[PDB]
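First, one chain by itself: the form deposited in one PDB entry, in structure tokens.
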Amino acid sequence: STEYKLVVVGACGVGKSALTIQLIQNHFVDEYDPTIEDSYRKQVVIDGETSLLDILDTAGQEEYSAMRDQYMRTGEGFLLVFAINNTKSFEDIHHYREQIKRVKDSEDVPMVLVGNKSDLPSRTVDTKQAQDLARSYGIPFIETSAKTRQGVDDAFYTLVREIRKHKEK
């Protein structure tokens, strides 16, 4: 019934594709084409409501595009994905939030901070500083792992609930 247009952003290799494939198809991919930038549909039930999730898995190159601007303009919620073992990807989160705020012309955009690869032991980004950033953005923070599926459902579902609150707001 209700359609939700989600967009997954984040640096290369943080697990954007792997997180999306786990949600849609329930399996962890060891490798996925890092150039494929396409959207995926899936019908789910969230808080007792049939929701049609339309999830754009961003990839491609590091270039600006008026077409990519339309992607964020069409999107209703955004997953800010970084890898807990890649400090560079965590620093990139600011850039991705800035580019989304640039398009939608608003600081009130449904977003969720996603710390991926929580199964890995080589942690370089503290949970506290990830919570501190999400607090500063005023958005939820969820630690996920596309390998064990831990936190994957909670990541996308929280974004859907953020969109619902934004609609009432």
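Throughout, we count residues from 1 along the sequence that is shown. Take the two forms, superpose them, and find the largest set of C-alpha atoms that agree within 1.5 Å; that set is the rigid core.
Here the subject shifts to the form deposited in another entry, a form of this protein not shown in this document.
Once the rigid core is lined up, just say which one of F28, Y32, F141, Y137 has a C-alpha that travels 2 Å or more between this form and the one not shown. Shifted by 2 Å or more: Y32 only.
Core-aligned, does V45 move its Cα 2 Å or more between this form and the one not shown? No, the C-alpha moves less than 2 Å.
Would you tell me if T124 moves between this form and the one not shown by 2 Å or more at its C-alpha, with the rigid core held superposed? No, the C-alpha position differs by under 2 Å between this form and the one not shown.
Look at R68 and decide if its Cα position differs by 2 Å or more between this form and the one not shown after superposing on the rigid core. Moves: yes, 2 Å or greater.
A 3 angstroms or greater change in CA distance between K42 and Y32 is reported in the other form. Closer or farther than in this form? Compared with the form shown here, the C-alpha atoms of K42 and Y32 sit farther apart in the other form, by 3 Å or more.
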